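Next up: just one chain, as structure tokens, the form deposited in one PDB entry.
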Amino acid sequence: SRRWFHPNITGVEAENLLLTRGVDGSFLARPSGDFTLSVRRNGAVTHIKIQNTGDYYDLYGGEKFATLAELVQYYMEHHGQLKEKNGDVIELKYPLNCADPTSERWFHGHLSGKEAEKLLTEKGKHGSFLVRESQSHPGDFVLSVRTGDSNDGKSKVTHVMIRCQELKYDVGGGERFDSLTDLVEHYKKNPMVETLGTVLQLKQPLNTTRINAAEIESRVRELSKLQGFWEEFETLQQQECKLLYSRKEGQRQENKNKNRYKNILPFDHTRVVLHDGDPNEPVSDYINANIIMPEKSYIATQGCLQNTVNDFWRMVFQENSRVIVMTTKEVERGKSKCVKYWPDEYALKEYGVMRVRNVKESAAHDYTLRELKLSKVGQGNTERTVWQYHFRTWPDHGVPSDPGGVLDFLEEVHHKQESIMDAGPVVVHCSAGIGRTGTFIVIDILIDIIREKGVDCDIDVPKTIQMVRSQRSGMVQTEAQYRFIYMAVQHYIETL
């Protein structure tokens, strides 16, 4: 559901909300890459700070998580794991639900009848809908739907007054809902039937984020007004509760030590399964990594630990990957982000059954290139060249101020990968493998669409991210990475 996130309440409104409308164990989360988890306990309201600079959600006194939903799901089940300074347990028990419609994909606020009609007729299909502020009746709202099978009369647009009376919503009779969302959800599952038989099915929200890449710069300007980026990004975040897929294998005891961050885990249904492991290891099939198929494929993975370097090379070898993309230093802010899993220049190392040679390095302004030779010990004819592209200039926090270095780096990576016939997925990793990694992967996906079809194509940044987030938890972590994605695709379009 994710109703426990309130996008625009002050901390004072949060406290009054838990004290008057909550009970002990009630909780919510709120913004202002800073977030707060506000929890009621012994008739008092504690606030816990959550930080995200780009890599993961860091909860004070708790753990690191891929998404707020996964964070809230974890503590609602594990329990005893959220303590304070004293050391008494803070139990998250009851979501305090938000009523705002600001982060719903279908809520368009200020918007006239004919405006909605022009949008629903140029971008909608049968079942497309939206909700908007009633102009004629200040305070009320309007559900606009399209139904039908052009100008063949086979389609139509229907409006439906939503009255708002004493903070509750209704459509003229029947039940009175505590929120526009509860009303939409109800009439999505129990569609409204017109007199003459037409069924007003709320099938999908009118899409507003798909743009023609040629008009990219116009949308970045429209989104930079008052900020629109934040509105669009937090609406995507609202959809993260649909991606709580199982991550059981990463939770097994044998696999625990193979995870850089305890709770940042690969989805079972897209994880990379490693075969050909020796029988003496009870579980030899596990690495913290997921296949990302756009819909060139990718593998998104964490930075190596000393005890997974061998597994990382079994993955590279098994998947036939020929390009690796590193977007972290080994160490940053004094903290290990990825052990050196490659040999020094000219040297030759064995990593278990795998043997790697660093043939030559090449330094560029923003990145170093390492030409590596990977083979299985025992059969020399298995040798293949793996090209490691090590971006080194990514800031410790946030994103770069100009996308130019990243784009130039990514163009190189693309050309090398395109030059090797039958190359496997491109391996992309940072520290946790979801923020910088997701950002790089989504930029590459978008730009590939544009390199093949030119500037005269459609691209949809939030929908692409959602597709990628359904294959690895929390891909693209922050609003600043989001804005960077837009700004990088704007910059790439204008170099053409």
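So that the term is clear: the rigid core is the largest set of C-alpha atoms that superpose within 1.5 Å between two forms. Numbers for residues come from their place in the sequence shown, where the first is 1.
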| property | result |
| --- | --- |
| Greater root mean square CA deviation, 75-83 compared with 285-293 in 5 other deposited structures of this protein, core aligned | 75-83 |
| Check: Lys154 without coordinates in a third or more of other entries | yes |
| At least a third of the other entries leave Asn259 unmodelled | no |
| Between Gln51 and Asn52 - deposited residues without coordinates, as a size class | none |
| Sequence continuity check, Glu295 and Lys296 (deposited residues unmodelled) | 10 or more |
| Which of 423-431 and 458-466 has higher mean CA B factor, as the PDB entry lists it | 458-466 |
| Selected stretch [higher average CA B-factor]: 343-351 or 129-137 | 129-137 |
| Peak C-alpha temperature factor (PDB record), options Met76, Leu96, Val171, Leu374 | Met76 |
| Top Cα B factor in the deposited entry, candidates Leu243, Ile216, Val386, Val413 | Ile216 |
| Third of the chain, ranked by Cα B-factor, where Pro395 sits | lowest |
| Where the record places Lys64 (Cα B-factor, split into thirds across the chain) | lowest |
| Position of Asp152 among the chain's modelled residues by C-alpha B-factor, lowest, middle or highest third | highest |
| Third of the chain's Cα B-factor distribution that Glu452 belongs to, per the entry | highest |
| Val23 - which third its CA temperature factor falls in, relative to the rest of the chain | middle |
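The same protein has a further form, the form deposited with a small molecule bound, not shown here; the description that follows concerns it.
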query	finding
In the deposited complex, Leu244 touching the small molecule (heavy atom, 4.5 Å)	yes
4.5 Å heavy atom contact, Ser362 to the small molecule in the deposited complex	no
Heavy atom of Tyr74 within 4.5 Å of the small molecule in the deposited complex	yes
Partner contact for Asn255 in the deposited complex: the small molecule, 4.5 angstroms, heavy atom	no
Among 158-166, 89-97, 184-192, 259-267, the region lying within 4.5 Å of the small molecule in the deposited complex by heavy atom distance	259-267
Non-hydrogen atom within 4.5 Å of the small molecule in the deposited complex for each of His78, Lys248 and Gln251	yes
